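Visitor: I am attaching a structure below and will ask some questions about it afterwards.
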Amino acid sequence: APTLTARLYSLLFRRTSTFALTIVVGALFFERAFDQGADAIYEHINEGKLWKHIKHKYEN
Amino acid sequence: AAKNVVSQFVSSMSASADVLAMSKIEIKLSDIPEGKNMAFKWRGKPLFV
Amino acid sequence: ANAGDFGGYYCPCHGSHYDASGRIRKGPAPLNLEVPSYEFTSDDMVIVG
Amino acid sequence: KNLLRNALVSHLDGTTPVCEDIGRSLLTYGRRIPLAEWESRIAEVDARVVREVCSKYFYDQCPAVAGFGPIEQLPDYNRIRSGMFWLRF
Amino acid sequence: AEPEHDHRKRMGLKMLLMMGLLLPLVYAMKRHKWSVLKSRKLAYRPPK
Amino acid sequence: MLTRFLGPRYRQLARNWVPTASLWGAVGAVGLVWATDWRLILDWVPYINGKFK
Amino acid sequence: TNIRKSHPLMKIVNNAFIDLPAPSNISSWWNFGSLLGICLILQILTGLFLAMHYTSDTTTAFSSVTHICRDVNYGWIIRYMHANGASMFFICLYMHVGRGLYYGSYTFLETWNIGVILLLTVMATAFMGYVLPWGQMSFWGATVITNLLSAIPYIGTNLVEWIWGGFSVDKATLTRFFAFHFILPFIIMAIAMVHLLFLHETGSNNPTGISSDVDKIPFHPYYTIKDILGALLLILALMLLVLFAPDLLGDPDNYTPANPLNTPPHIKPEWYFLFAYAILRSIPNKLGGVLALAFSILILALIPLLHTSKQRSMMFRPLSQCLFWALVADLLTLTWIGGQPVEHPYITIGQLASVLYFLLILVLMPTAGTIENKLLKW
Amino acid sequence: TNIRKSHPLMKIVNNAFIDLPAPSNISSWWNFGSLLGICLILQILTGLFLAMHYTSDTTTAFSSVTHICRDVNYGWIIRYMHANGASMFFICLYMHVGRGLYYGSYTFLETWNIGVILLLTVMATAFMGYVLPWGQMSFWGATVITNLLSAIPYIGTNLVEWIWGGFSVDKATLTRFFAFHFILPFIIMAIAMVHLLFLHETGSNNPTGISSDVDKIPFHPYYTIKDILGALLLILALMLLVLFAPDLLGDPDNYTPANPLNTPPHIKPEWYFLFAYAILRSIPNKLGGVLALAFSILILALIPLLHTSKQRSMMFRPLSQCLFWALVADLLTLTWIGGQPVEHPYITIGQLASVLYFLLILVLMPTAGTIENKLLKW
Amino acid sequence: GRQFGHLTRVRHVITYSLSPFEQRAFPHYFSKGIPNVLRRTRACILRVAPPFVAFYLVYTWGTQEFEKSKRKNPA
Ligand code: HEC
Ligand code: HEC
Ligand code: HEC
Ligand code: HEC
Ligand SMILES: C/C=C(C)/C=C/C=C/[C@H](OC)[C@@H](C)[C@@H](OC)[C@@H](C)CCc1oc2c(O)c(OC)cc(OC)c2c(=O)c1C
Ligand SMILES: C/C=C(C)/C=C/C=C/[C@H](OC)[C@@H](C)[C@@H](OC)[C@@H](C)CCc1oc2c(O)c(OC)cc(OC)c2c(=O)c1C
Ligand SMILES: COC1=C(OC)C(=O)C(C/C=C(\C)CCC=C(C)C)=C(C)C1=O
Ligand SMILES: COC1=C(OC)C(=O)C(C/C=C(\C)CCC=C(C)C)=C(C)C1=O
Ligand code: FES
């Protein structure tokens, strides 16, 4: 009853509509956080290299 | 993942890199007599001077 | 060009009557014809876009 | 509600069921709960209470299931579990 | 020969990371349902 | 002519299903907004910002 | 124990085409269902043999179609069988709908509703098909009909450009229209099976609108032979058109190549779009005109909710018979107006005919059914 | 009374995908059936979106495919999903056949025989597909495989020229190959339904080859969830190939345009034709080589007549297990030889492997089954 | 899903039929056939024809009116 999976179930999972709402709201914030991360990993593993890092050489 | 393949598939039907950003056209004014509509092509769709 | 009942333009698709301003007067069409961005370079030529 | 008032009153009819009820109730409740109290408890129940109290025990809960006899067509337990909630709700 | 080269490798890293979430998760989903069968116990009780 | 479905029970049945039908609309609105990247609504959302500045 | 009756595949054939209990009773107006199937496979077969030689590029599309008609061994029959079969497909559709309307067959809700989808799908298919030879009617046909989507507020423009492939009808438009036009008849074929599946659940209606279980006959040999005769009449009607008048039902303007700078003076639809065309242009409003067009065909789905009569069929309903024929003649009026220019007498009478179309179905035919009920003390 | 159980359409879905009694029992080797369906619709969907931009003329066909890969928004994933899905289609086919061979599933005669048609149809479809981008492998692929018909005596030449459109592979060949390649997956889809219809008559076999009616479980949720997992592995295997190695399973020579004057030095089939290729060229005879090729796939239809064993499955048959794996490894040998030039060690070992393929199925596996019967005193 | 033997209940009805090879396909084809078509026509003419003449009148008038309108006289 202190436990967090319990309160997750009680507030959000018990009803299928709330379950669906928590998935769609969940999917919005996942798409941001994953694309933020996975781009930043890909960009860091290719340190210069891409036209995003070349950009500043040719002017405004 | 469903969003991504579906969007990518949706995007393939919309306007490709082959057709983007079309240019101006120069038309000489004195080449049309007073009282006539002259039918030019611009951006693929007719231009009326 | 030079068709319909306001001396300008007639679209033969569903009976749109435009005047010599390009303004819609009769028939189904909601809006006046698209005015492009243009300038005159002096008074010999017109460049459009 | 009416079916329960009729069941309760029709049950406590004869020396024997009343004696059972005195005996049993003192073991379980520690009092005899008088007929007028049950009626008060029955009367309180409305649709909101039935929806609340059924949801508490039934909705999305794991049943115990017992099957005996020609039971090939007895639904699989996962499909009995799935019958314990509604996707529309 | 291949202007897509950098884009396909970007989507590839996303594919691998997504699959590293989804493959153990769908596995758990499938195992959770197969629980009822995989732990089931049989007894045979014939007469006399 | 639809008068079959008008009375106290159907009034209660509609009242019961209202929070659910409201939440299914709330599901579908966000789902449309998410699927299309609906620019009009997502500019408000304080962390979901693909457009700079 | 019969091989015909118990084999898992032949089962399906037997319960549809052989042992199927059918009314003793059903007239020539019931021939159009099989005729639509014949039309479907005729269009599939010719369409396949046209696809073997057609190229879907703007530079070459007109050239390939005329290459078919001049160079390809018997390419001309195939091309004009296809063209006139599409018009045959529409004659049969309209007869089939009208039969359903008259005889109260729409009370089969699922069969009828699937039928409405089938009408819309075959309309969209045949629009696409006409775009393919890349004549003048092809191009502006493609322009106008795609642009109907631009009347959907906020997103309509994005949608039109989405299906076009860019800012105008172009290279991208024709290649996808070939692809869309290829697959859609097979999707139609699948929906035709679901149409038949829902039908077999009840069996057929009949001229009287009275249940006929008291007097069913086996589909074979009676309706197998009546269907063969009916198909042989369909072959006559088709082969009269391809061999004696191949271009009677088409447009001469589609024999000039597409030209994005000039829309022709005379432009009308293919004959089978003329009523709906007449309805849309009777309204001097963009949103209302297209809403009326959508409503002119989607109305068929309201017809079951508006059936007031205590009888199913129009056979014993003279007031309804009169108003049915007013509907056919009004539809004949609307296809005449569709054929004419937007000028003085034609604008008003086309507006009045549009109003009458919607007034007949919505108001006048339901009221006729009530009056007829009251006259029989019902 | 359930809506799922009695609605005429949902009935079909419920009796196939939900309430269908399936063995408690069936392993990962049973995942390939659904995976073939996933493959079928993947190829349909990508193939449709490729058809939206592809042109089937010889001048322009190579240009359209590269227009897809460079200019079309995400045209590259669609193109290589399609390419690698075709190879995925073959991995799943071979697993699916081998499962059937091992577990004695061929004793379902109709299901199996329809399966053999499905193999031949998907082979012919994928041959056609490879002709379409009009690379060097496309042209000579089209040349050789069409010419197999020229081995039919008296009429074979007339037949090859009949499907070509003339004396050589040409303009006419490519336009019809696009048309044939478009329709055939839908014909496949229809045959896949008849395949499933014959199967549902018995339900599934299982690893033991013993009847499992004593222990059936509902298809949902057990095999719905096992199928989802299996599909997610199929997506991994596919998306590894398109995103990390798009050209691993194809040929670099198909990136040079078709050239009727030069056949390349190195030419081999697509990996999934290599065994059958190796069989045909092991015979230094025209008629015999093509007869062996036909027989290398049509043999599967003899396998039910050659089942000697008193058990269905190979699970309790160790002699047969060994000889099954000799068959797989011999098939792996034949795809290796198919990959190599017709020179010294390769000619003989490929001839011996060809002989072993036919000897294993015809002679050695039936004899193994009899020995195994005799060893169990059966 | 409907089969003979399961359709409906019928009692006390006798049906006499003849073989196709015992009887004519066109029994009295013109002698009885013509009187029938005329009878069927009479039955329905008042229901079918008057909307189509009403089309015909609006057709004839409309074509005539359009023709006359694109002529002038005193101007
Ligand atoms: C919008 C209505 C509608 C359309 C369009 C329609 N159907 Fe039907 N169809 C029906 C109805 C209703 C029936 C039942 C008729 C009855 O029993 O009197 C039916 C009956 C039929 C029949 C068998 C009995 C008969 O009337 O001949 C076939 C076959 C048929 N449909 C196939 C088709 C095909 C093929 C198409 C074209 C793709 C199609 N239908 C278009 C509504 C329609
Ligand atoms: C296998 C592909 C294929 C199928 C199936 C198909 N067609 Fe076509 N159709 C074509 C091609 C290619 C053309 C272009 C040649 C031509 O204009 O005749 C075409 C042309 C047409 C035309 C224009 C006729 C003309 O020349 O003026 C119409 C209308 C048409 N199709 C309607 C239909 C209808 C209705 C169906 C059945 C629902 C159908 N087609 C089935 C490929 C197909
Ligand atoms: C030459 C043999 C063969 C080929 C090729 C084949 N099938 Fe099958 N298929 C079978 C047999 C036999 C079974 C029954 C397996 C069993 O019960 O053990 C079957 C079972 C299946 C199943 C369901 C059970 C399972 O094994 O997963 C599906 C679904 C399937 N087939 C679809 C397909 C599709 C789709 C194709 C590709 C068009 C195809 N099959 C190709 C012979 C084959
Ligand atoms: C709606 C039409 C369509 C369908 C359905 C289709 N494809 Fe294709 N396929 C194409 C086109 C167009 C191409 C040419 C583009 C290309 O080469 O990738 C093609 C290309 C191919 C190629 C050559 C791949 C390459 O580029 O090297 C193969 C192999 C193939 N298809 C096999 C299949 C198989 C297997 C199926 C499913 C039975 C199938 N296709 C379904 C239209 C289709
Ligand atoms: C990918 C997107 C797709 C396939 C969208 C498809 C939409 C399809 C429609 O619904 C099915 C449609 C065919 C249907 O409308 C209900 C018709 C009866 C429309 C009739 C129609 O024809 C015209 C035509 O043929 C022309 O050329 C000769 C030119 C035209 O203007 C001058 C028209 C026209 O003004 C109308 C209303
Ligand atoms: C309209 C007529 C049609 C559709 C006729 C279709 C016939 C289809 C066949 O049966 C289905 C066929 C595909 C099937 O044979 C059993 C294959 C496994 C054949 C394997 C195959 O591939 C080759 C190939 O790919 C090549 O190019 C790279 C070139 C080749 O030579 C050098 C071959 C080749 O020598 C063989 C035997
Ligand atoms: C119960 O009424 C029925 C009829 O009596 C009027 C028919 O004549 C036909 C014959 C229909 C054919 C040949 C078209 C088949 C369509 C496809 C797509 C294969 C059917 C199915 C039917 O159900
Ligand atoms: C009794 O065994 C069965 C399975 O158990 C191994 C399946 O998994 C599937 C699932 C198959 C699918 C999704 C492919 C459908 C194909 C088409 C063309 C729509 C079927 C039908 C089946 O019968
Ligand atoms: S397109 Fe001009 S009037 Fe409709």
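Following Swiss-Prot, chain H residues are numbered 2-379, in order.
Determination method: X-ray crystallography, 2.6 Å.
For all residues, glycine too, the Cβ spot is worked out from N, Cα and C.
I grabbed these lines from Swiss-Prot:
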TRANSMEM  H:33-53  transmembrane segment
TRANSMEM  H:77-98  transmembrane segment
BINDING   H:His83, H:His182  heme b b562 binding site
BINDING   H:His97, H:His196  heme b b566 binding site
TRANSMEM  H:113-133  transmembrane segment
TRANSMEM  H:178-198  transmembrane segment
BINDING   H:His201  ubiquinone binding site
TRANSMEM  H:226-246  transmembrane segment
TRANSMEM  H:288-308  transmembrane segment
TRANSMEM  H:320-340  transmembrane segment
TRANSMEM  H:347-367  transmembrane segment
Visitor: When the Cα-Cα distance from H:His83 (heme b b562 binding site) is computed for each of the binding-site residues H:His97, H:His196, H:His201, which gives the smallest value?
Guide: H:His97
Visitor: Between the stretches H:178-198, H:226-246, H:320-340, H:347-367, which wins on the count of C-beta pairs under 8 angstroms to the transmembrane segment (H:33-53)?
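Guide: Maximum Cβ contact count belongs to H:178-198.
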Visitor: Which range wins on Cβ pairs under 8 Å with the transmembrane segment (H:113-133): H:77-98, H:178-198, H:226-246, H:320-340, H:347-367?
Guide: H:178-198
Visitor: Is it the case that the transmembrane segment (H:77-98) and the transmembrane segment (H:320-340) touch, counting contact as three or more CB pairs under 8 Å in which the residues of each pair are 6 or more positions apart?
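Guide: Per Cβ check, the transmembrane segment (H:77-98) does not touch the transmembrane segment (H:320-340).
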Visitor: When you measure from the Cβ of H:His196 (heme b b566 binding site), how many other Cβ atoms are you left with inside 10 Å?
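Guide: Summing over all protein chains shown, H:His196 (heme b b566 binding site) has 20 other Cβ atoms within 10 Å.
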Visitor: Suppose we screen the binding-site residues H:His97, H:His196, H:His201 by Cβ distance to ligand 4 with a cut-off under 6 Å; which survive, in sequence order?
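Guide: Result: none.
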Visitor: For the residue listed as 'ubiquinone binding site' and H:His182 (heme b b562 binding site), what Cα-Cα distance in Å is obtained after rounding to a whole number?
Guide: 29
Visitor: Mind checking which residues of the chain, 6+ beyond the ends of the transmembrane segment (H:178-198), have their Cβ under 8 Å from one of its Cβ atoms?
Guide: 17, 37-38, 41, 44-45, 48, 52, 55, 57, 112, 115-116, 118-119, 122-123, 125-126, 129-130, 132-133, 143
Visitor: Can you grab the distance from H:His97 (heme b b566 binding site) over to H:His182 (heme b b562 binding site)? Cα atoms, rounded to a whole Å.
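Guide: A Cα-Cα distance of 23 Å.
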Visitor: Please identify, from the binding-site residues H:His83, H:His97, H:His182, H:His201, the residue with the sparsest Cβ neighbourhood, meaning fewest other Cβ atoms within 10 angstroms.
Guide: H:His201
Visitor: Round to a whole number and give the Cα-to-Cα distance in Å for the pair H:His182 (heme b b562 binding site) and H:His196 (heme b b566 binding site).
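Guide: Per the Cα atoms, H:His182 (heme b b562 binding site) and H:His196 (heme b b566 binding site) stand 21 Å apart.
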